[PDB]
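Reading through the structure tokens given below for one structure.
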Amino acid sequence: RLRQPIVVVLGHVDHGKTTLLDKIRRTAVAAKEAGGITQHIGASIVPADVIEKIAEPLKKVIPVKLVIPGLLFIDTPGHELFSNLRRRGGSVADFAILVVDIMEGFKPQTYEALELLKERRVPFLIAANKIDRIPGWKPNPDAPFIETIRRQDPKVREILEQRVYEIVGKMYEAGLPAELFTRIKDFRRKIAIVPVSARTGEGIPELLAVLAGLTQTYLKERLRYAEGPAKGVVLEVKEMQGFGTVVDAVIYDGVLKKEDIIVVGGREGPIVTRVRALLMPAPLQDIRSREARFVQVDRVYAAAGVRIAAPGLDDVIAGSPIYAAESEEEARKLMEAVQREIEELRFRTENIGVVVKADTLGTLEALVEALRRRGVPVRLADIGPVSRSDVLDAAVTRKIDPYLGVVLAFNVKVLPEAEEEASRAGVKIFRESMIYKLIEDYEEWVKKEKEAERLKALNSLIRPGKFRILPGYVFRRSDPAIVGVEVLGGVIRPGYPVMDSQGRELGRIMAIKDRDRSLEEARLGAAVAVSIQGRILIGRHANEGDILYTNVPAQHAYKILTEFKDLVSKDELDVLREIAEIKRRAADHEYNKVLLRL
Ligand SMILES: Nc1nc2c(ncn2[C@@H]2O[C@H](COP(=O)(O)OP(=O)(O)O)[C@@H](O)[C@H]2O)c(=O)[nH]1
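One gets the authors' numbering by counting positions in the sequence shown from 1 and adding 12 to each.
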């Protein structure tokens, strides 16, 4: 027999994940029928008969005969939750809905979702949400998409088609063929796009029918229920009045019972305890449920969202496995299974790599997997605040490869000891609370650090520079000449030889100064005071308003154009072209040879 597919909801903030979950629940509850729907902790069921009923208006186009008993929707949406809905080597979710706001299209978290989905090989569909916000939309509440779209004005349907294509485009670009669900023949070959309104209920019938069809067709083996002790995962650890520290878990195989011995992953190792109570929300029909109310149950079966009361759960961490054990002997075996699972996620090595700290097992796993996907070695991965030890581990890495010698801290504090050491060691600590942002911030830094290293090689050379002596800013006429200039292109640095617009040598830059400070460099648009050491006498060899150039050696011009061409500014290249031409007209020997060479 089959059990319920477990469905998770992803997508960018405010694209409507929460509204969509709530609308699905309400629609199910309204569609039921006679007796209420079985209530779960952190999750809502849509039974088989309710889906078939909701699907009835589709009878002609998309029929639905169900062999799954229903769908379990996880009621906490988003990507941290999804990452904590985990088991060894994969997800506990069986299907995802990726919500995209049809009016906005893909946003940064939409790409995060796609990565998380391929990484853990979770199948999905796209819910193109907020269709009711299309200008001129005339809602038909709760109606199938296929019916309401035919009751819109031609311009409204045009916009919808345009906005769906925006999604289609991004998907093909990402390597994932996707189409409006109506146009798909082979649902193995193409991801379904279902336009919906979490607000009006439009398209909810096809959403559910497509979910049901895709899960029952392709996931039969994964969905098979085997009788035996519970396997599950902990999503949340918290206080509950009258029960102490409880865990909220999803059971994905077997049966969990009151009095069962459980083994659950904790900060200090596998915890062995015994279930005192299994809590579920009270039935909604019950008159005492106006009060937010819980009832104890004897048992729950996969798939279930359940709250577990048992002593000693304080040290549990989100994303930990939880197993029922039939005997002490079985619990001892399960302790080793748990510890081996936890060691894959929390580890330390002598490898040259980044230091990863996070707050839950799920996000720690997803962070490590994202780095691995990109080829970034990971020295250690663990739970909790960034400590002095973490910084010193990244310092070991830093000495070998500075681009890897960092701490990536996901939603954890950094201790003052660690702040102090990072400063002394030159180790950067990255702090963020969204995974893609942590990763992007690190990658961006790496790009800029690598660019800085190339620029060192370029600054071995006298670079192209062009600047005008400002009328009214001659501070000193000679020995050294000191003049206000505007940089018209390229760059000037202390030590650069300079020449006039005819290529005659005037001297060399002794100093470049702001109104505030001495500068190592000045670039396009800078107005600075340049001290020039040499024979230069202002009024004689150059005048106010005259344009001066750096005297780039021929060999240096060659290397800029053949090794650093992509790195210098367009304006820097413009100036080198001016310089090469000044040199050409002067009949400069070495420039003539380098230009022929080029
Ligand atoms: N007009 C319209 N608004 C929506 C729809 N779905 C969500 N919203 C609104 O968009 C906002 C964000 O929704 P929410 O479910 O919190 O997005 P989440 O951050 O992805 O969980 C809220 O104001 C919702 O009422 C929809 O289909 N149509």
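By construction, the Cβ of each residue, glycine as well, lies at the ideal position given by its N, Cα and C atoms.
| Query | Result |
| --- | --- |
| Quick one: residues in its chain with C-beta nearer than 6 Å to the C-beta of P207, no 5 flanking neighbours on either side, listed in chain order? | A140, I143, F157, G215 |
| Thinking C-beta only, is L22 closer than 8 Å to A155? | no |
| Please work out which residues of its chain come closer than 6 Å, Cβ to Cβ, to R400, disregarding the five sequence neighbours upstream and downstream, and give them in chain order. | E429, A430, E433 |
| Report the three-state DSSP secondary structure of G181 (helix, strand or coil). | helix |
| DSSP on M446, reduced to helix/strand/coil? | coil |
| In whole angstroms, what separates the C-alpha of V79 from that of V58? | 14 Å |
| If you drop the 5 nearest sequence neighbours on each side, which residues of the same chain put their C-beta closer than 7 Å to that of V424? | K369, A370, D371, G396, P397, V398 |
| Below 6 Å CB to CB, which residues in the same chain sit around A55 once its five sequence neighbours on both sides are set aside? | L84, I86, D87, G317 |
| If you draw a straight line from the alpha carbon of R535 to that of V111, how long is it in whole angstroms? | 47 Å |
| In three-state DSSP terms, what is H553? | coil |
| What residues in its chain sit with their C-beta under 7 Å from that of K119, if we drop five residues either side in the sequence? | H24 |
| Tell me which same chain residues have a C-beta within less than 6 Å of the C-beta of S543, skipping the five on either side of it? | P492, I494, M522, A523 |
| Whole angstroms is fine: what's the gap from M292's alpha carbon to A321's? | 11 Å |
| Give the single residue among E340, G240, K130, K571 whose Cα lies nearest to the Cα of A186. | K130 |
| Between which two residues does the beta strand (DSSP E) harbouring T257 extend? | 256-265 |
| For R489, which residues in the same chain have their Cβ closer than 7 Å to its Cβ, ignoring the five residues on either side in sequence? | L549, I550, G551 |
| If contacts are defined as beta-carbon pairs under 8 Å, then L518 and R547 qualify, I think. What distance do you get, rounded to the angstrom? | 7 Å |
| Drop a sphere of 10 angstroms on the beta-carbon of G281, count the other beta-carbons inside from all chains shown, and report buried for 16 or more, exposed for fewer. | exposed |
| Taking three-plus beta-carbon pairs below 8 Å as touching, is the stretch 454-461 in contact with the stretch 471-486? | no |
| Verify the contact flag: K142, CB atom, against every heavy atom of ligand 1, threshold strictly below 7 Å. | yes |
| Where DSSP assigns a beta bridge to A336, which residues make up the other side? | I274 |
| Using only CA atoms, which one of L376, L404, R386, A406 lies nearest to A393? | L376 |
| Can you tell me the Cα-Cα spacing of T50 and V367, whole angstroms? | 44 Å |
| Given 7 Å as the limit, tell me if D87 has its C-beta closer than that to any heavy atom belonging to ligand 1. | no |
| Do the stretch 235-251 and the stretch 215-224 touch if we need at least three Cβ pairs shorter than 8 Å? | no |
| With a threshold of 7 Å (Cβ to nearest heavy atom), would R100 be considered close to ligand 1? | no |
| Taking all protein chains shown into account, decide if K77 is buried (16 or more other Cβ within 10 angstroms of its Cβ) or exposed. | exposed |
| Assuming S543 is part of the beta strand (DSSP E), what are its boundary residues? | 539-545 |
| Okay, do the stretch 291-311 and the stretch 348-356 touch, 3+ Cβ pairs below 8 Å being the bar? | no |
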